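Just run-v5.cif here, mmCIF, C-alpha atoms and all ligand atoms:
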```
data_target
loop_
_atom_site.label_atom_id
_atom_site.label_comp_id
_atom_site.auth_asym_id
_atom_site.auth_seq_id
_atom_site.Cartn_x
_atom_site.Cartn_y
_atom_site.Cartn_z
CA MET E 1 0.00 0.00 0.00
CA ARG E 2 1.25 3.50 -0.54
CA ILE E 3 0.77 6.04 2.30
CA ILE E 4 1.16 9.78 2.81
CA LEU E 5 1.85 11.21 6.23
CA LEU E 6 0.44 14.80 6.18
CA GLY E 7 0.98 17.12 9.19
CA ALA E 8 2.69 20.06 10.95
CA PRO E 9 6.35 19.84 11.92
CA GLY E 10 6.59 17.88 15.18
CA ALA E 11 3.17 16.27 14.81
CA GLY E 12 4.82 12.87 15.05
CA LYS E 13 5.01 11.59 11.45
CA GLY E 14 8.62 10.38 11.62
CA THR E 15 8.12 8.65 14.93
CA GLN E 16 5.18 6.58 13.58
CA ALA E 17 6.70 5.93 10.14
CA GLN E 18 9.44 3.90 11.87
CA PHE E 19 6.68 1.62 13.28
CA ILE E 20 4.73 1.46 10.06
CA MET E 21 7.90 0.50 8.31
CA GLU E 22 8.88 -2.15 10.86
CA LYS E 23 5.36 -3.59 11.03
CA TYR E 24 4.24 -3.54 7.40
CA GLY E 25 7.65 -3.76 5.77
CA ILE E 26 6.99 -0.97 3.24
CA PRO E 27 10.05 1.29 2.77
CA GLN E 28 10.07 4.77 4.41
CA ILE E 29 10.83 7.61 1.98
CA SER E 30 11.37 11.05 3.75
CA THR E 31 12.54 14.18 1.97
CA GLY E 32 14.10 16.02 4.90
CA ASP E 33 16.21 12.95 5.61
CA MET E 34 17.16 12.82 1.98
CA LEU E 35 18.07 16.51 1.75
CA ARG E 36 20.16 16.49 4.99
CA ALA E 37 22.13 13.60 3.54
CA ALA E 38 22.69 15.31 0.23
CA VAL E 39 24.21 18.43 1.84
CA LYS E 40 26.29 16.48 4.31
CA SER E 41 27.73 14.15 1.59
CA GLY E 42 27.87 17.06 -0.83
CA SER E 43 25.44 15.62 -3.40
CA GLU E 44 24.79 17.44 -6.73
CA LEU E 45 21.13 16.68 -6.24
CA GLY E 46 19.80 18.27 -3.08
CA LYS E 47 23.10 19.84 -1.87
CA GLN E 48 21.48 23.24 -2.57
CA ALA E 49 18.88 22.70 0.19
CA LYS E 50 21.35 23.68 2.93
CA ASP E 51 20.56 27.38 3.24
CA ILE E 52 16.83 27.18 2.69
CA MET E 53 16.54 24.44 5.32
CA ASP E 54 18.48 26.56 7.71
CA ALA E 55 16.27 29.56 7.06
CA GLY E 56 13.32 27.34 7.92
CA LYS E 57 11.94 27.87 4.40
CA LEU E 58 10.59 25.13 2.21
CA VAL E 59 12.90 23.98 -0.66
CA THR E 60 11.89 24.40 -4.32
CA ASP E 61 9.25 22.12 -5.71
CA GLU E 62 11.32 21.21 -8.69
CA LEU E 63 14.24 19.88 -6.63
CA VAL E 64 12.19 17.92 -4.14
CA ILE E 65 10.14 16.46 -6.99
CA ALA E 66 13.37 15.02 -8.61
CA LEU E 67 14.66 13.44 -5.42
CA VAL E 68 11.41 11.54 -5.08
CA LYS E 69 11.17 10.16 -8.63
CA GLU E 70 14.79 9.24 -8.36
CA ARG E 71 13.99 7.23 -5.21
CA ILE E 72 10.78 5.73 -6.56
CA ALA E 73 12.58 3.31 -8.88
CA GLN E 74 15.49 2.18 -6.68
CA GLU E 75 14.38 -1.47 -6.20
CA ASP E 76 11.83 -1.17 -3.35
CA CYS E 77 8.83 0.98 -4.45
CA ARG E 78 7.07 -2.24 -5.68
CA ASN E 79 6.07 -3.47 -2.17
CA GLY E 80 4.92 0.15 -2.10
CA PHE E 81 6.15 2.91 0.11
CA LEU E 82 5.58 5.59 2.78
CA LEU E 83 5.88 9.30 2.13
CA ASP E 84 7.19 10.90 5.27
CA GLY E 85 7.23 14.59 4.37
CA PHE E 86 5.89 14.64 0.81
CA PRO E 87 3.96 16.16 -0.86
CA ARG E 88 4.46 19.46 0.91
CA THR E 89 2.84 21.89 -1.54
CA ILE E 90 -0.10 21.58 -4.01
CA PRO E 91 2.38 21.69 -6.94
CA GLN E 92 4.11 18.81 -5.25
CA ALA E 93 0.64 17.24 -5.01
CA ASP E 94 0.12 17.72 -8.71
CA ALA E 95 3.39 16.18 -9.90
CA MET E 96 2.24 12.90 -8.35
CA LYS E 97 -0.76 12.76 -10.77
CA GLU E 98 1.36 13.91 -13.69
CA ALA E 99 3.81 11.09 -13.06
CA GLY E 100 1.17 8.51 -12.09
CA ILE E 101 1.88 7.82 -8.42
CA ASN E 102 -1.37 6.92 -6.68
CA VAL E 103 -1.84 6.15 -2.96
CA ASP E 104 -3.98 4.10 -0.61
CA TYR E 105 -4.11 6.09 2.65
CA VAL E 106 -3.60 9.74 3.67
CA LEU E 107 -3.08 10.17 7.36
CA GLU E 108 -3.31 13.63 8.84
CA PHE E 109 -1.82 13.94 12.30
CA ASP E 110 -3.51 16.88 14.04
CA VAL E 111 -1.49 18.41 16.88
CA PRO E 112 -2.17 22.00 18.26
CA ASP E 113 0.27 24.69 17.36
CA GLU E 114 1.16 25.67 20.95
CA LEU E 115 2.60 22.20 21.23
CA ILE E 116 5.31 22.29 18.52
CA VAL E 117 8.21 24.33 19.97
CA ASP E 118 8.84 22.05 22.99
CA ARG E 119 8.48 18.95 20.88
CA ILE E 120 11.20 20.14 18.46
CA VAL E 121 13.73 21.44 21.05
CA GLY E 122 13.76 18.11 22.84
CA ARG E 123 14.39 16.24 19.62
CA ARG E 124 17.42 13.96 19.35
CA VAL E 125 17.87 11.78 16.26
CA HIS E 126 20.03 8.99 14.91
CA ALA E 127 20.78 10.15 11.36
CA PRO E 128 22.12 6.76 10.30
CA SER E 129 18.56 5.28 10.42
CA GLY E 130 16.25 8.18 11.12
CA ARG E 131 15.24 7.14 14.62
CA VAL E 132 13.93 10.05 16.64
CA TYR E 133 13.62 10.40 20.35
CA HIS E 134 12.73 13.04 22.77
CA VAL E 135 14.82 13.71 25.86
CA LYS E 136 11.55 14.09 27.84
CA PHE E 137 8.53 12.67 25.92
CA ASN E 138 10.16 9.58 24.44
CA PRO E 139 13.73 9.38 25.82
CA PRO E 140 16.05 6.56 24.66
CA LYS E 141 16.64 3.55 27.00
CA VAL E 142 20.20 4.78 27.67
CA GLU E 143 20.68 8.60 27.80
CA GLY E 144 22.16 10.27 24.75
CA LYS E 145 22.43 6.90 22.95
CA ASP E 146 20.49 5.05 20.24
CA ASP E 147 18.77 1.82 21.30
CA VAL E 148 19.69 -0.32 18.34
CA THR E 149 23.39 0.51 17.81
CA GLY E 150 24.81 2.19 20.92
CA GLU E 151 25.56 5.29 18.90
CA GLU E 152 25.63 8.96 19.82
CA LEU E 153 22.46 10.99 19.22
CA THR E 154 22.67 14.54 17.70
CA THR E 155 20.28 17.38 17.10
CA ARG E 156 19.02 18.78 13.76
CA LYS E 157 20.51 22.12 12.73
CA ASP E 158 16.98 23.54 12.02
CA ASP E 159 15.57 22.63 15.50
CA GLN E 160 16.03 26.10 17.02
CA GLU E 161 12.79 27.69 18.32
CA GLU E 162 12.96 30.67 15.93
CA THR E 163 13.28 28.46 12.93
CA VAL E 164 10.27 26.31 13.88
CA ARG E 165 8.27 29.49 14.15
CA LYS E 166 9.26 30.14 10.53
CA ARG E 167 8.33 26.51 9.67
CA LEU E 168 4.77 26.81 10.99
CA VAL E 169 3.95 29.90 8.91
CA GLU E 170 5.09 28.11 5.71
CA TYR E 171 3.20 25.05 6.77
CA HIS E 172 -0.02 27.02 7.39
CA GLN E 173 0.45 28.88 4.11
CA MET E 174 1.56 26.11 1.77
CA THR E 175 1.04 22.61 3.27
CA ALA E 176 -2.20 22.92 5.13
CA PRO E 177 -4.27 23.28 1.95
CA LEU E 178 -3.29 19.71 1.12
CA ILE E 179 -5.71 18.55 3.77
CA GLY E 180 -8.57 19.92 1.68
CA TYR E 181 -6.89 18.49 -1.41
CA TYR E 182 -6.80 14.81 -0.44
CA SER E 183 -10.17 15.36 1.14
CA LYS E 184 -11.20 15.87 -2.45
CA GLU E 185 -9.30 12.88 -3.92
CA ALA E 186 -11.02 10.97 -1.17
CA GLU E 187 -14.52 12.19 -2.29
CA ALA E 188 -13.74 11.06 -5.88
CA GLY E 189 -12.44 7.63 -4.74
CA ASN E 190 -8.75 7.79 -5.39
CA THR E 191 -7.67 7.23 -1.79
CA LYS E 192 -8.75 6.79 1.84
CA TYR E 193 -8.38 9.65 4.38
CA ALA E 194 -8.20 9.61 8.20
CA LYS E 195 -7.36 12.27 10.78
CA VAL E 196 -5.42 10.91 13.81
CA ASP E 197 -4.83 12.80 17.15
CA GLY E 198 -1.07 13.40 17.55
CA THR E 199 -1.28 14.70 21.14
CA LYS E 200 -1.90 11.17 22.51
CA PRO E 201 1.05 9.18 23.88
CA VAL E 202 3.37 7.43 21.52
CA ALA E 203 1.90 3.99 22.22
CA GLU E 204 -1.55 5.39 21.76
CA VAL E 205 -1.15 6.90 18.24
CA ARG E 206 0.35 3.64 16.92
CA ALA E 207 -2.76 1.60 18.10
CA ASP E 208 -5.10 4.07 16.53
CA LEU E 209 -2.97 3.77 13.43
CA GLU E 210 -2.91 0.02 13.39
CA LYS E 211 -6.67 0.37 13.88
CA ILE E 212 -7.04 2.28 10.62
CA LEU E 213 -4.53 0.21 8.72
CA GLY E 214 -4.82 -3.52 9.50
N1 LIG E 301 2.77 11.32 20.31
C1 LIG E 301 3.75 12.07 20.87
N2 LIG E 301 3.62 12.65 22.09
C2 LIG E 301 4.71 13.28 22.55
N3 LIG E 301 5.88 13.41 21.91
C3 LIG E 301 6.01 12.99 20.66
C4 LIG E 301 4.96 12.26 20.16
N4 LIG E 301 5.23 11.85 18.92
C5 LIG E 301 6.46 12.30 18.66
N5 LIG E 301 6.95 12.99 19.70
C6 LIG E 301 8.27 13.72 19.73
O1 LIG E 301 8.34 15.01 19.18
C7 LIG E 301 9.26 15.29 18.17
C8 LIG E 301 8.44 15.35 16.87
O2 LIG E 301 8.11 13.97 16.56
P1 LIG E 301 8.74 13.50 15.18
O3 LIG E 301 8.24 12.07 15.07
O4 LIG E 301 10.21 13.66 14.92
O5 LIG E 301 7.91 14.47 14.21
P2 LIG E 301 7.82 15.03 12.64
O6 LIG E 301 6.34 15.20 12.45
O7 LIG E 301 8.32 13.91 11.85
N6 LIG E 301 8.38 16.50 12.30
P3 LIG E 301 9.22 17.10 10.95
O8 LIG E 301 10.12 15.89 10.82
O9 LIG E 301 9.91 18.41 11.32
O10 LIG E 301 8.22 17.32 9.86
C9 LIG E 301 10.22 14.17 18.38
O11 LIG E 301 11.02 14.61 19.45
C10 LIG E 301 9.38 13.06 19.03
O12 LIG E 301 10.05 12.33 20.03
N1 LIG E 302 8.62 18.25 0.30
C1 LIG E 302 9.38 19.29 0.61
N2 LIG E 302 9.30 20.46 0.04
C2 LIG E 302 10.04 21.52 0.40
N3 LIG E 302 10.96 21.49 1.37
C3 LIG E 302 11.12 20.30 1.99
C4 LIG E 302 10.35 19.24 1.61
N4 LIG E 302 10.60 18.17 2.34
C5 LIG E 302 11.54 18.57 3.18
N5 LIG E 302 11.94 19.83 2.92
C6 LIG E 302 12.83 20.70 3.70
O1 LIG E 302 13.26 20.15 4.91
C7 LIG E 302 13.06 21.03 5.98
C8 LIG E 302 12.80 20.07 7.15
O2 LIG E 302 12.07 18.87 6.71
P1 LIG E 302 11.44 17.80 7.75
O3 LIG E 302 12.52 16.79 7.97
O4 LIG E 302 10.24 17.17 7.04
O5 LIG E 302 10.94 18.55 8.92
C9 LIG E 302 11.84 21.70 5.62
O6 LIG E 302 11.99 22.98 6.20
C10 LIG E 302 12.13 21.91 4.14
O7 LIG E 302 13.07 22.92 3.95
#
```
Starting from the file, lay out its structure as structure tokens.
Ligand SMILES: Nc1ncnc2c1ncn2[C@@H]1O[C@H](COP(=O)(O)OP(=O)(O)NP(=O)(O)O)[C@@H](O)[C@H]1O
Ligand SMILES: Nc1ncnc2c1ncn2[C@@H]1O[C@H](COP(=O)(O)O)[C@@H](O)[C@H]1O
Amino acid sequence: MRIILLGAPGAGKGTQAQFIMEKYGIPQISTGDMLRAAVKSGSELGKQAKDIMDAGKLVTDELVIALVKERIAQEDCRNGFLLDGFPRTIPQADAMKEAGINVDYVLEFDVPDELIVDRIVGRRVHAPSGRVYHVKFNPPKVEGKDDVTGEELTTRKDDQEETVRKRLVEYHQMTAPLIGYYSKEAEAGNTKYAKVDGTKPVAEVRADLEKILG
């Protein structure tokens, strides 16, 4: 099945993707992960995202759209996949029709705005995997270390409170209309839609999710 995780930054998309990927076995394809890798390794494709990411602005449609298509082909998109962070704008929405990528479920995690800052400043990730944790809301079993490999956890460059305030404006201005969008694809029959409550505890959003899924 193909799935799109739609939501505000810090709503909990990455955290649940891990579980959907482990459980269902469909690969997890996230743009922000991709882009952060391209600029670190110095990649021709995506290495330009550096500055925009840092500013908290969204990267250009035409560059994100290429990363995706390039991934959807690399021997795994057949069991289907999970879009963790895409599409982010209507034009990004549109390229998926005009390329033929359909989907089965569109999950919107709703989480109040007043909740984002503290969820992003407590964020610690394991880049070599994408595992996220929260020093306070979902700390790792051993402090400052990943559970699976014993490795050191770091923090995203764009997880400064001022930047996330920039990130919410963009999101309200460009990504939020996608809710209405897939609400429409739903009404026509091209996919299934379901709003989940991202303020519940980690173990509680997964259940709800499994409850929608199967
Ligand atoms: N259900 C939850 N309740 C409390 N804390 C959570 C919950 N879900 C995730 N978190 C934490 O909050 C931060 C945001 O969750 P994360 O899963 O990384 O979100 P994200 O939606 O993928 N954001 P972004 O990657 O910027 O688009 C991480 O620190 C998580 O540990
Ligand atoms: N689909 C996208 N379109 C535009 N920018 C994106 C996109 N996906 C990720 N990025 C960039 O990555 C930054 C952080 O992504 P994320 O890891 O989803 O929170 C966002 O501020 C964007 O700059």
*Neighbours of segment 105-121 of chain E within 6 Å (only C-alpha atoms; same-chain residues fewer than 2 positions away dropped), as number ranges by chain?*
E: 3-7, 10-11, 123, 159, 161, 191-199
*Best match for closeness to ligand LIG 302 (chain E) among E:94, E:185, E:22, E:54, counting all atoms listed in the file*: E:54
*Would you mind listing the residues within 7 Å of ligand LIG 301 (chain E), counting all atoms listed in the file, as a ChimeraX atom specification?*
/E:7-16,85,119-120,122-124,132-134,137-138,198-202,205
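Remark: for ligand LIG 302 (chain E), the closest of the candidate residues E:125, E:29, E:64, E:45 is E:64 (distances computed over all atoms listed in the file).
Atom to atom, atom CA of residue 21 of chain E and atom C1 of ligand LIG 302 (chain E) stand 20.4 Å apart.
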Counting all atoms listed in the file, what are the residues of chain E within 7 Å of ligand LIG 302 (chain E), and for each of them which pair of atoms is the nearest and at what distance in Å, to one decimal? Sort the table by chain and rising number, as JSON lines.
```
{"residue": "E:9", "atom": "CA", "partner": "E:LIG302", "partner_atom": "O5", "distance": 5.6}
{"residue": "E:31", "atom": "CA", "partner": "E:LIG302", "partner_atom": "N4", "distance": 4.5}
{"residue": "E:32", "atom": "CA", "partner": "E:LIG302", "partner_atom": "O3", "distance": 3.5}
{"residue": "E:33", "atom": "CA", "partner": "E:LIG302", "partner_atom": "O3", "distance": 5.8}
{"residue": "E:35", "atom": "CA", "partner": "E:LIG302", "partner_atom": "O1", "distance": 6.8}
{"residue": "E:49", "atom": "CA", "partner": "E:LIG302", "partner_atom": "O7", "distance": 6.9}
{"residue": "E:52", "atom": "CA", "partner": "E:LIG302", "partner_atom": "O7", "distance": 5.8}
{"residue": "E:53", "atom": "CA", "partner": "E:LIG302", "partner_atom": "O7", "distance": 4.0}
{"residue": "E:56", "atom": "CA", "partner": "E:LIG302", "partner_atom": "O6", "distance": 4.9}
{"residue": "E:57", "atom": "CA", "partner": "E:LIG302", "partner_atom": "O7", "distance": 5.1}
{"residue": "E:58", "atom": "CA", "partner": "E:LIG302", "partner_atom": "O7", "distance": 3.7}
{"residue": "E:59", "atom": "CA", "partner": "E:LIG302", "partner_atom": "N3", "distance": 3.8}
{"residue": "E:60", "atom": "CA", "partner": "E:LIG302", "partner_atom": "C2", "distance": 5.8}
{"residue": "E:61", "atom": "CA", "partner": "E:LIG302", "partner_atom": "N2", "distance": 6.0}
{"residue": "E:64", "atom": "CA", "partner": "E:LIG302", "partner_atom": "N2", "distance": 5.7}
{"residue": "E:85", "atom": "CA", "partner": "E:LIG302", "partner_atom": "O4", "distance": 4.8}
{"residue": "E:86", "atom": "CA", "partner": "E:LIG302", "partner_atom": "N1", "distance": 4.6}
{"residue": "E:87", "atom": "CA", "partner": "E:LIG302", "partner_atom": "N1", "distance": 5.2}
{"residue": "E:88", "atom": "CA", "partner": "E:LIG302", "partner_atom": "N1", "distance": 4.4}
{"residue": "E:89", "atom": "CA", "partner": "E:LIG302", "partner_atom": "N2", "distance": 6.8}
{"residue": "E:167", "atom": "CA", "partner": "E:LIG302", "partner_atom": "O6", "distance": 6.2}
```
List the neighbours of residue 30 of chain E out to 7 Å using all atoms listed in the file; skip same-chain residues closer than 4 positions along the sequence, and give me the result as a compact mmCIF listing (two decimals) with C-alpha atoms, in the frame of the given file.
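What ended up in selection12.txt:
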```txt
# COMPACT_ATOMS: atom_id res chain seq x y z
CA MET E 34 17.16 12.82 1.98
CA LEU E 83 5.88 9.30 2.13
CA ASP E 84 7.19 10.90 5.27
CA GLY E 85 7.23 14.59 4.37
```
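Shortest atom-to-atom contact with residue 69 of chain E among E:90, E:96, E:164, E:169: E:96, counting only C-alpha atoms.
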*Can you tell me how far atom CA of residue 184 of chain E sits from atom CA of residue 82 of chain E, in Å to one decimal?*
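That distance, rounded to one decimal, is 20.4 Å.
Here atom CA of residue 23 of chain E is placed at a distance of 18.5 Å from atom CA of residue 103 of chain E.
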Can you tell me, as JSON, the centre and edge lengths (Å, one decimal) of the axis-aligned box enclosing all of segment 85-95 of chain E's listed atoms after padding each side by 6 Å?
```
{"center_x": 3.6, "center_y": 18.2, "center_z": -2.8, "size_x": 19.3, "size_y": 19.3, "size_z": 26.3}
```
